[PDB]
Structure formats: C-alpha cells, structure tokens
Amino acid sequence: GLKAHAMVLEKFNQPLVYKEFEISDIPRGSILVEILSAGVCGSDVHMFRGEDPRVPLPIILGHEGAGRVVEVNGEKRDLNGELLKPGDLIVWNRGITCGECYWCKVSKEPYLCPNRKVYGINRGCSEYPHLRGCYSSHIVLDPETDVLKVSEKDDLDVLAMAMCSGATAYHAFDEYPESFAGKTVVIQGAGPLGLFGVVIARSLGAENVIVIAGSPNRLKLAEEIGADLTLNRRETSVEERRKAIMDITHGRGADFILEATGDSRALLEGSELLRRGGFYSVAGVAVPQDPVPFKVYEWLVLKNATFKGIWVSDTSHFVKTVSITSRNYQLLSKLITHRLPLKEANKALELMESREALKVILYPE
Amino acid sequence: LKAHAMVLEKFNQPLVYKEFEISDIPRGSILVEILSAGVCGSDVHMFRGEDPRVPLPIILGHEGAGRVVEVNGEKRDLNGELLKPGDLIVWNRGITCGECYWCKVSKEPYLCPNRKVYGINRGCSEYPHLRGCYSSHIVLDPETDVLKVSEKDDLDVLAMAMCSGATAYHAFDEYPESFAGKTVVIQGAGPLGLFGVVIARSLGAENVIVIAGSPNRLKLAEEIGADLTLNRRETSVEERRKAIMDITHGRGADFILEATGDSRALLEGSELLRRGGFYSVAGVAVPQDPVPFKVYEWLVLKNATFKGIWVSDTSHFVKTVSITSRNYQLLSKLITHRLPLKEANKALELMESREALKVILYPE
Amino acid sequence: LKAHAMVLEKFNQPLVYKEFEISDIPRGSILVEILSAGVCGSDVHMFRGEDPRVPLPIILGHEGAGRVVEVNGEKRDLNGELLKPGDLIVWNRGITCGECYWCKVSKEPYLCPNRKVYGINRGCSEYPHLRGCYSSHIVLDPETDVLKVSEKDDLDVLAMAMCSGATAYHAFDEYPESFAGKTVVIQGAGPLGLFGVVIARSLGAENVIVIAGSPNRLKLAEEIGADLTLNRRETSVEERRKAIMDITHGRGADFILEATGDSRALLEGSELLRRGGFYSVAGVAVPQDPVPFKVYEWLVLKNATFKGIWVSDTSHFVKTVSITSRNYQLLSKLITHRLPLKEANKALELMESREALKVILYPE
Amino acid sequence: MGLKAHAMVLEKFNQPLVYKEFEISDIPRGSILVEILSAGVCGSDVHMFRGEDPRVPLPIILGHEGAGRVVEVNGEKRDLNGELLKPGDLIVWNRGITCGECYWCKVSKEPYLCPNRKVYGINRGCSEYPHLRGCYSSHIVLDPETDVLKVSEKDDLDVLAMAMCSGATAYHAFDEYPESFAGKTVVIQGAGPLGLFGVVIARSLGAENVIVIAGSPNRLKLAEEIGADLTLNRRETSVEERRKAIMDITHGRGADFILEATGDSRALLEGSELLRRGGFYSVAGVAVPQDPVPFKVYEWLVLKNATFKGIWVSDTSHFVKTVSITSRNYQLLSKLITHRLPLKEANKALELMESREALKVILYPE
Ligand SMILES: [Zn+2]
Ligand SMILES: [Zn+2]
Ligand SMILES: [Zn+2]
Ligand SMILES: [Zn+2]
Ligand SMILES: [Zn+2]
Ligand SMILES: [Zn+2]
Ligand SMILES: [Zn+2]
Ligand SMILES: [Zn+2]
C-alpha cells in the first residue's frame, strides 16, 4: 500500500511530530490526493495553542491545499461535471455541509450549517483512513467534497492560500447589494484577508481602494497590488485618516468598509469613516473578544448603515475566488513570503505566529 | 383667509394660540385645511428643547391629513391626478433637494442632508408662516409629494401612519427576502412596534412576536395580529429566549425590529437572532450611552445583518398608506384621544405621561 | 406489508391496480402510508405519453401527504426533528444531486439536471417499487426533504399545494420588491392561478385581478381574495385593458402571472404590463408554436422583466407550506372531488375534462 | 454685447442642417451657459434627421452627447458631489431631465421611465429663446435641474461625450444583473459603441469570460483589442458552431449573461439558445418598432427559468458609474472614435455614421 507521512498535532502547545501512515484502501467514492501545496494559516497557530474548541486530538492540521489526484475509488465529478482521473490537478472546498438542514436547504446559507465538517480543523486523524488534513504528503477527500479541476497554468501555491483568506474576503464583498462601480472601499488590515480584499475590490470595479494598517511593509504590498492610498496608523492621527477619506469621497465617507484586522475595536474607527447609507462587512474578528462601546444612534440609526458579519465561505464563494485569483496570480504570489518543507511545519507556525511571515506554504518532500 | 395655530415660542413653555391672515400663497403652493393632526412622541422632545433642528418660533406637527383649499398653479399627486379644491389629501412631511448624491445617485432620499420637514425644521416666522399641522391650515410647497385619498379613508389613522407607520415600513422594506415562513420579533409596543405588527402580518410573516413591558399595549398587539406577546417585566430574558427558540426550532428569529427607543434593546435582541438573521434598528432616536457590543458572537459568528433605519421617503409613504388602508379598523385602536387643536398643550402632556398612546387634534 | 398502487404500464392504457409485497426497505429510507394524493393536470400529459421523462412502468403521483410507518435507521425533517412512526409529513417531490453547478454554485436546485422526482421520472419496476403517490404507501429515499405537520393541518390541501402552490410561490418569490401597494394580474384560474390569488394577498398586494374563461373558477377566485375577475367570453380585450388602467392610474399592472398554459397569453399580458413591470411566466408546460413577440414594445421601451419559472425547490416548499397553513379554509375550496385510489382513472378523466378543479385520492 | 453662438439646425427632415448664429444675453434662472468642447454624433441622430423619431420637434439643434466648459451660471449650481460650478470648470452632464414628481421618479425609483423626460438634442426644439438646447452648437444652455459632474483636464472629453449615451445604456444593462460578474461568462451581440462599451464594462465588473458575436471583422478586432476573450463572426460561422463555442467555454451550460446590442429583434432567436438555464438576458439594442419575432415561450423562458430584461436609456446613477468606469479606460475607449470633424461639417458626420464609414464621430466647434 501507499506510504504517506504527515505532521501530527498530538497535544496542544507541543510540537507537531512526524508520523507515517500506510494507506491500503480508501473508502468508497473517496479521492486520494497527493498534496502539492499546503497553506499555513494564522488560525493554525490558534488551533495549535489549544484555543479553538472544535479541534480534536490528535489531528493533522492544514485546511488550505492544492494537489494531484492519485486515485478515485469509484468515480467523482468536479463542480463543472468533469470526471476526475489520476494526475488531474485540483483544489477543493475545505468544508462539507450536510445538505439537509434549514441553512443548507431553506435559507441557502451553507456556511452556517451547524454540521459543517472541515479538513484540518474538526476532522482528527485517529480513525482510518487518518489523512484528514493538508500538513501531509496525502489527504483522503470524501466523495461529498466540492472539487474543481485546475491546470498547469495555475499557481497552486496562490490557490492554496486563496481558499481560506480569499474566499472569506470574497464572501465579504459578495454581500454588498450594488455594483462597486463608482464606489470608495476602505480596507482595515493588511494581512492576507485585507490584501485579497484589495485585489477583489479592484477586480469588481471599485473606483478608490484605501487600506489602513500599521505595518509599512504590508502597506507597500497593498499599493503594489492595487491600493490607491494607504494610511499607516502609526504615522497618522485618526483625524488625518478621516480627512483623507472625506477628501476622496467629497465629504460623504466610504461606501464599503471591510474589517480585516482581527480586532473588534476596528469598528470604532471604521464607523466614523462610513457614509450615511454605507455598508460595513466585518470579517476579521475570529475569536471572542471584549465587547466594544457601540453607539447605536450614531453608527447605525442616524447613518442608516448596514453592519454585516461574515462567517467563512461556501462553494459559490470558492469558485468565484478561484476565478478572480486566476486573473491575479503575479500580484497575489507576492503574499507568499516563505516556502518550507512539510517536515518544517513547526518553524512555519512560529513564522506565522511572530509575523515574520505574511504567508507560508509547505510542500511535501 | 384667517387661519389659527398653536405656536411654540419658547421651549418648555406652553404652545400659544395665534391668528394669521393668509392672502397670497407662494407660486405653486397648495393651501390645505387641516382635518387631522397627529401628536407624535417626538413633538414632546421638540417642545422640551431637546431637538437641535428646531427653530423658534415654530408651528409643530409633522403628521397631517386635510382638504385642498387652493392650488397656486397646478399640482399633481403621485398618481398623476391634478388636485382641485375639495380634494382630500395626505402628504409626505419631508421634501428632499433632488440634486445631491443620495437623492440622485444612491437613490436614498431619506438620507438627503437638505431634507425640509413640516413642523420640525420649518419655522413660522416668515410669511406664509403655516408650515406645521398644529394649525387650521398648512401651506404645502409645490415640491411636496401628495396623495389623494377619499371619503372612505380614515384620515385620523392616515395622519398617525405618516410617521411611525412609514418608518416601520422602511424597517421591513430593507429585508432582502419575502416574509413567507419567517418569524418576526418586535421589541416595543408603541406606535412604531404596533405598526410593525400590522406590516409584518400584511407582508406574510409566519409568526409575529412582541416583547414589551406594558400589558395594555401587549393586549393591543395581540388584537391587531401578534401571535405571542412576552412581557419583559414578568418574564426572564432566558424564558423569552426559550419561547422564541421553541417557535423557530432552536434557530432564533429571522427578523427583529428594534422599536423601543433604548439602545440596550440590542443586548437581548442579539441573542434572539438566528445565524444569518436580520436586525432592523429603528427605535433609538437620540444619542445614548454606547452599549457593550460582542462583535464576534453577535456579528461575525452569527453572519448577522444589523440595519439602522433613518426615517422614510416617498416610496415608503405610498406603501404605508396602502397597507394602512387595508387595516383601518385595527389601526384605529391606537388612537386613544382626539382633542380640539386649542387643547394641544394637554395632548403633549398625555403623550409625555403615556396616558395616551396616540392623540389626534382637529381644528375648531 | 402488502401495499397496493395504480400502475401506468403503457401510455394511454388505463392504470392497473397491483399489490406489492414489501419485506424491507433500503437503509435510511422512509416507508410512508399515503393519506392524500393529489391528481395534477400534468399527470394527464404523462398518462398520454406526452412527457418524455416518464419511464414505464410507473406509479404516478407527485403530490403526497402521509403518515410515517417506519424509518430504516433515522431521518430528520427540515427543522431537524427526528421522524417516528405515526408522524404526519409532507415532502418535496424532487431530490437534487447537491453536487452540480446549479445546486452548489448558482444555488438554483430546481435547475439541477439530475433532479429525481417521485411519480414522474422514477419507475416502479425495481424493488422497492413504490416511488409514486398513487399508492397506499411510498418509500422515500433518505435524501428526501421532509417536513412534519400536525393534526391541525389539512393534508388534502397540503398535497395539492406541493405542486401548483410551490410553483406559484416561486413565481412570486422572483419579484425583487415588496408587494405593498402593487397591482397583480393573474392569467388563468386553475390551481396555479388560484394559489396565485392567495399568495398575492398573503404577501400584501393592494389589488388582485384575475383574467380567465371559466365562470365557476372566476367565482372561486373572488371567494379566495380577488378584487376583480374578468371573463374573456364576457369582456373584450380592450374592456379588460381599460379596467386595469383605471385601477393602476393609467400605468398598467406591476406584476403579472401567466398561469394559463397557453403561450398566446403573453400577447394580452404584455399590453397590461406597466413600464418597469414584472411578468412571471409559469403556466406554459409543453413546447408550443412560437408566439409573435414585439421586442421593442414589450421589452425594451417597457424596460420590462419577463421571468420564466421552472418548478420549485425546498425553499419554495417550506414557504408554500407556511402560507397555505394560514389559508386552509379558502384553499380547501379548490378540492372539488375526493375519490378512492382505485378510481384513479376516473380522477384523471375528471382532471382532463375540467369537471374537477382538483381531485384528491385516498387509499382504501 | 451678448455672447455670439452658432449651431447646425435641423429645419426640415431629410434636408441639410443649416448654419445659424444666435446672440445669448439673459438665461433662465438657475441655468448654466456651457461652451461645447465635444459633441458626439449618435446613430440615432441619423434617424431623427430622417424624420423617423416621433419625439422630434422642428426646428431643433440635435446632439445629446456633450462635454464642455462652464461660461456662466445664473445663480448657483452644484455638481452631483456638491461642488459649486464656476466659469472655466469642465463638465459633463446627464442628457435627460426627469420631473422628480411622478410614480417612476418618486415611488418606483426608475427615473429613466419618467413619462415627462426632457432630453437635449431630442425633444427640446430650438425656436424659443434661449434656443441652444442641443450639442451641435458652440454653446448649450443647461437648466438648473440638469445633473452635472465636474471633470478635470486629465479626462478625455471626447470619450466622455460618447460614453454618455451608448455607455450609460450598456451600464444600465449590466447593473440590472442581480449577482456579481465573478466567475461569469458574458456574451455580447453587436460590436457598435453599445456592444463595445459592454466589453469594457463586463471586464471592469470582473466577468471571467467576455465573448462578442457580430458581422464585421474590423469591429471584432476592436472588441478583442479592448478586452474580449473571443469573437465570433456570425457571417462566417453557423448558429450551431457559435453555440458549441459558448458551450465549450461554459462546460456545456450556456452564457450566464447576454447583452443584445445589435438593434435587430431577430438577435433573440440566437441569444435565447446560448443562454444557460437560470441565465440573464439584457435587451438594450433594439431601438425602433420592428416585426415581431417567433418566440418559443416554453423552451426559452419557462424550461430555461430565464430572465429577459429590456433596458430603456439610463438615469443619473448609471451616468455617474459610467463616467467612473470610462475614466479608468480612456485609452481603450478612445479607439472607438474614428472621425473628428468640425461642427460646420455636421452633415458629413451624419453621412459617415449612416454609411457606417465611421464607428463614432465627434464634432468640435471652432
Ligand atoms: Zn446543513
Ligand atoms: Zn485559513
Ligand atoms: Zn411623528
Ligand atoms: Zn438631496
Ligand atoms: Zn402537479
Ligand atoms: Zn444538482
Ligand atoms: Zn446617443
Ligand atoms: Zn417623473
């Protein structure tokens, strides 16, 4: 049978350990996939530290992958109806939803499925066939996985990264009920989520894209990938930033704001930048935090504002994200600062934790 | 023509009776005899000097129905009917500039920064003076959006509906799906929330639940269509959440209307809202202390929409009259007092004390 | 157990009564005792071999309500409730693949090319055989979308609603605004149009006008909420257009539903539609000769939306059940005949001749 | 003492436009006197010249596509962003003024459908002072109700003038689509200015694939140059070949979104067969009553669950968004301007547009 290896999380806050798995057969309808690129996410650090309550042990982490089909045990179609075969290059939606609940079937919001099963997050490696995350030479995909064939003209590293931060960013923009033509977009934060938001905002036809953050290196990147204006929170005052946005928008404020900071306190700045009638997509905050002092009359009622929380993404967002991403490979590849062998998965988590890396991608040896 | 009005000359001092002689009216204007004038809870705040838009002196009253006396030129209503002396009409209290970003580009006229409103930011010092409904007569500018009504319409109900009803309608109109199969929770049982009951019912909501503190208002909400009322003073937060969870199979409410006037209503409402739900916030009407808002739990993880609602526009006005017109007998139950115009000071006192739910004034 | 069903062996051959011995059912499947089975006009086309989807032999019947006999394993309804013996249920006739572009990307499961439908494209020759509602029992796959109902629900009405009702609902669901203040014109007064009357009313339409040729169906349309009916034998096309222009102040209808089954309906409907109006075309159910379409006048100059409507999905299912549940007394009037299952041929005959509006079959 | 202006006046249908001079002193309260710098010649100007548009009074100064420079404002005028206009400002404006009082303007919020819509160079004659109500002129007088946008010396006024008509109608067509264009396949029928602006708008909104079907190789080459992924020449392929091409690109589904930009009702016969189940078809090119086409209701509407949406002109929201898209694509869109003529050659301009020797002509005073 097949000799696979992976980096396994056995106990929280303890280094991932190398382990080998002999793969004999795979479940009916499943797809055995050779991982070619595996994204390391900020959230993987959180999971490693034992702060994500969905996470069983032991587990093969890694929810962002691109790979080559080794074997389908039976037949599997991709989302366009193409039958997969050995050697096909694919990406896939990390989440499988039930297809039977209120959100999957009635409201058509499958990202809200309470039964959502996610590779490298709530799928452990204890029970055979074990290989349920991307920090591995190989992953076994269930037959219910949403898959998309890609080609050798696709940058698999970029696609892997895009699966997570990109598709969330896409969801955030997709909730806006108008075209972006003529619109001013403000993005708070310049990690992968905010930076995909720059390229997504550009690609959907936004007039002006402004990014507010605190790292000059990340802000330079934002400019190289399409931002019209960047504002460094450490070099400018709140009022200076408000005036720059008010100047650009003829005194109205921004039409659409993306929170991509991870910090609930971002809404305090963002609310004062939003025009009357504007739309604030809140997608960065990823853990419970202290409550923020929210001014209901000023920020919601008087402003006639929409505040929209964004929870992950579904298959519609996945395919649309691949499509935008595929027009933007050269720019988006600039987000990958580090490329490491799988056996260095621990160092990769350190790099991400310390912010030495913007994004790290692992490759099996 | 000799008109009279009850005029606000000094905040916190009683409205005073005053006579006005109306000869010429401005070009294009419509002189209207007031038949019904609603006394709104916001008029109390204006009376008390709490509204910074309010010039003095001013004839208050932004909620009106009346009879056309004359048109200086020609005026069509929204359906294109030329107005003539004798016609009965209602009208939108607000006039927008029709030239700014919100009027012409984003098509959100309610957000017009140049919005002019009878009985609110239009004083009575300058001729022709009559720019509010606490008067025998009002002069409507040509730009006013008007609708003709008939003798089969209830003008008292229509006056009331103009304000609270049209804001309630705006709150429901922002919901991007139909209300079929949906559970609606309304927080509050003043005019705003009670209109919400009738609008929710009228748009097809499956369940309409009202949370408030007054048994008399809760009985009324039942009478006009609520499936369930929950008295906030006689139940726990946890009991009310359980009741809503039982009705929605453990999910929560699809749509919540905040109609209390208290920002703290979001603390409870946020925990009733299903994942993916929609919270329209329309009641809070003054700057208040900030509330501790749980961004992850209430917005992000919930994938929720919080939508603030500012007043209403002409599309909301027309839709509100249409709903109201199919519900006159239910909605007339909100009017607890009808007083002559000269007793306007008592009307304000009734509304302030909540001895009244809604007061209508009539001239003479 | 020994079930019985009425089987279609050859097109145009009378349905044959047959017994089926059921020993065990596939894993996760649900064995359901049929309590009400609706006979649809589309069953007549199937019976004659006009529907190219139809395998033979087949147990027809795609409108069903029933009582759970057994689940081989466990099955949750759409609200997550575990089904158990004795539960009353309704279900979506169609099961979609959950994997294709329509199911997963555009979220239009009604357009699934792999859609499997009880009594339509599921034959009865392979065990467990019972894949249609003209039967004492049906075996539902684990993938079926089910909803529990109660003894307070009218199951005869629910069976009917599953088809025509959910298609009507889809047609209204596509309209991008509220129905408040709107005038709705419905063409045709069979079950689709009649459900259209009730739905239009329930979503808050101001005026509902029905145009058809059957006096008795038009009387029923008034009994269930139409404001005006217009009979094509008794009125001219010009008289109809004037009546609709009078109600809409010269503009035309805001929303039209085609529910006649005839392509030529568009000729009249296009001239009743306001500029900017919305025309949902849901009745035409077979390929027909092309109609002469005036692209400039009816689409471009009118800035009109013509929207075709193909069946329905689980979202429309639940929402239809929800509106129907509030209108059982009105909608019961559509059921003109109830016949034992063994009389299924006569039921198809009644539906073909239009002596019935809707027939319900009951086992035993 | 007054301002000396001149224009090319249509006095009688099918007779040459005639040069005439005017002296402009007073203008109506609130009005803006504008020096024309660019005037687009539209294909519909030909039909109006010929006496085919029932809206057209005589005499009239044609030209509904314009950009220019503020000479004077009688009072005050703010552009749509709130900026006060002053003499010397460069502007563009919406050709159409709506009443702001009717059902469509106030209730349904569809001002393009206002029955009282007043359009420079179309239904506004030139015989009553101050006369200058069209762009085939040295100057135009804009009413206070006109929606205006200030532009800069870095904007291409020739491209903006053209964009005002064909471009805003194409924008309207795309704006009616209820989803994002991400991952979508767009087919455009026709490669005149309307269809060609469609290409740039489709690209700008993020469409994945943009395909153009037309009959002219030159125009199909232009469509490729401004961002089309594929062109199909309908004179050199069968309907079946074109459908196969679209089916191959869309994994056998059909187009997500089609724009009819041909002017021929018969285009729907092919487009309907290219549309996927659940697809959206904006019909914007057909501009005059035509014979009815044989429409297959079951196959093209019902079974397809298709949306067919007719597109009538545009409003100020479309205007502003068109100017924004256009402003990022000046160099591509300038490729559409094939001829620039002096105002006094307006008759030759119409000839060029009618013969189709020109794709788009711009007129310039002086
Ligand atoms: Zn689910
Ligand atoms: Zn991730
Ligand atoms: Zn009020
Ligand atoms: Zn304004
Ligand atoms: Zn049926
Ligand atoms: Zn499918
Ligand atoms: Zn033009
Ligand atoms: Zn108008």
Side-chain angles (χ1 to χ4, degrees), chain D residues 1-3 5-28 31-42 44-51 53 56-74 77 85 87-93 95 97 119-143 146 148 151 157-158 160-162 164-165 337 339-347 349-354 358 360-366:
Chain D
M1 305 309 195
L3 174 138
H6 65 272
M8 295 298 288
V9 179
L10 183 65
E11 299 186 291
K12 310 196 209 167
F13 299 122
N14 303 296
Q15 289 301 140
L17 304 185
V18 308
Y19 169 83
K20 181 173 211 182
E21 293 176 350
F22 302 86
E23 166 175 11
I24 305 308
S25 178
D26 207 352
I27 61 185
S31 289
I32 307 91
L33 185 55
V34 179
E35 179 197 359
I36 295 290
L37 304 161
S38 309
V41 182
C42 190
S44 64
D45 295 340
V46 171
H47 302 112
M48 291 173 229
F49 173 86
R50 292 249 164 253
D53 184 321
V56 181
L58 295 176
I60 182 171
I61 300 159
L62 296 167
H64 56 268
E65 293 168 37
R69 183 187 290 118
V70 177
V71 178
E72 81 183 53
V73 186
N74 171 318
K77 176 68 178 175
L85 298 187
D89 289 343
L90 302 174
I91 65 166
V92 294
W93 59 93
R95 68 174 183 282
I97 292 179
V119 184
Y120 299 108
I122 303 197
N123 63 8
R124 298 193 75 164
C126 68
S127 66
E128 34 291 311
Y129 182 86
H131 310 296
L132 307 175
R133 297 307 193 168
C135 296
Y136 291 17
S137 180
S138 59
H139 297 84
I140 189 168
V141 178
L142 302 185
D143 284 313
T146 308
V148 180
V151 296
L157 300 193
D158 281 352
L160 289 175
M162 153 184 66
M164 297 288 85
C165 178
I337 299 160
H339 293 81
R340 299 217 324 125
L341 274 54
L343 171 54
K344 289 172 181 172
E345 294 193 345
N347 287 295
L350 292 163
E351 176 199 293
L352 291 169
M353 291 296 290
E354 188 178 43
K360 191 81 195 169
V361 184
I362 303 295
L363 295 169
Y364 58 84
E366 303 209 80

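Here is how names work: the chains are called A, B, and so on, in the same order as the sequence lines, proteins then strands, and each is numbered from 1.
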Evaluation steps, salt bridge (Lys or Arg N to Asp or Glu O under 4.0 Å), between D:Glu65 and D:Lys360: CA-CA 12 Å; D:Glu65 293 168 37; D:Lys360 191 81 195 169; 3.0 Å; yes
Nearest 0.5 angstrom please: [X] [atom1] to [Y] [atom2], how far?
X: D:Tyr19; Y: D:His6; atom1: OH; atom2: NE2; value: 5.5 Å
X: D:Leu343; Y: D:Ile362; atom1: CG; atom2: CD1; value: 12.5 Å
X: D:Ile97; Y: D:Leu142; atom1: CD1; atom2: CG; value: 7.5 Å
X: D:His47; Y: D:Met353; atom1: NE2; atom2: CE; value: 10.0 Å
X: D:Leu363; Y: D:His339; atom1: CG; atom2: NE2; value: 12.0 Å
X: D:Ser44; Y: D:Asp53; atom1: OG; atom2: CG; value: 7.5 Å

Between the side chain of [X] and the main-chain N/O of [Y], is any donor-acceptor distance below 3.5 Å?
X: D:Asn14; Y: D:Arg50; result: yes
X: D:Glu23; Y: D:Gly2; result: yes
X: D:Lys77; Y: D:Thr146; result: yes

Pair D:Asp143 + D:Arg133, salt bridge at N-O below 4.0 Å: yes
SB check D:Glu11 D:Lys20 (cutoff 4.0 Å): no
Can you give me the closest heavy-atom contact between [X] and [Y], atom names plus distance?
X: D:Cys135; Y: D:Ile140; value: SG-CD1, 4.1 Å
X: D:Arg124; Y: D:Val119; value: CG-O, 3.4 Å
X: D:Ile61; Y: D:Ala7; value: CD1-CB, 3.7 Å
X: D:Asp26; Y: D:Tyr129; value: O-OH, 2.5 Å
X: D:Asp158; Y: D:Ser38; value: OD1-OG, 2.7 Å
X: D:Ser137; Y: D:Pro365; value: O-CG, 3.5 Å

Just so I know, are the side chains of [X] and [Y] near enough to count as touching, which here means a heavy-atom distance under 4.5 Å?
X: D:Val148; Y: D:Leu85; value: yes
X: D:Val56; Y: D:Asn123; value: no
X: D:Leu37; Y: D:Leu90; value: yes
X: D:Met8; Y: D:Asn347; value: yes
X: D:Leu352; Y: D:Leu341; value: yes
X: D:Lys344; Y: D:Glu366; value: no
X: D:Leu132; Y: D:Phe22; value: yes
X: D:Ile122; Y: D:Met48; value: yes

Flag for D:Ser31-D:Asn74: side-chain donor and acceptor within less than 3.5 Å: no
Residue pair D:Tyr136 / D:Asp45, side-chain donor-acceptor N/O under 3.5 Å: yes
Stepwise side chain to side chain contact (heavy atoms under 4.5 Å, CB included) check, D:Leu3 with D:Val71: CA-CA 10 Å; D:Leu3 174 138; D:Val71 178; 4.1 Å; yes
Trace of the side chain to side chain contact (heavy atoms under 4.5 Å, CB included) decision for D:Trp93 with D:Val34: CA-CA 11 Å; D:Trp93 59 93; D:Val34 179; 4.0 Å; yes
Derivation and outcome, side chain to side chain contact (heavy atoms under 4.5 Å, CB included), residues D:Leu58 and D:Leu10: CA-CA 7 Å; D:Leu58 295 176; D:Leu10 183 65; 3.7 Å; yes
D:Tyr120 ring center near D:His64 ring center (under 6.0 Å): no
Stepwise side chain to side chain contact (heavy atoms under 4.5 Å, CB included) test for D:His139 and D:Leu33: CA-CA 7 Å; D:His139 297 84; D:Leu33 185 55; 4.2 Å; yes
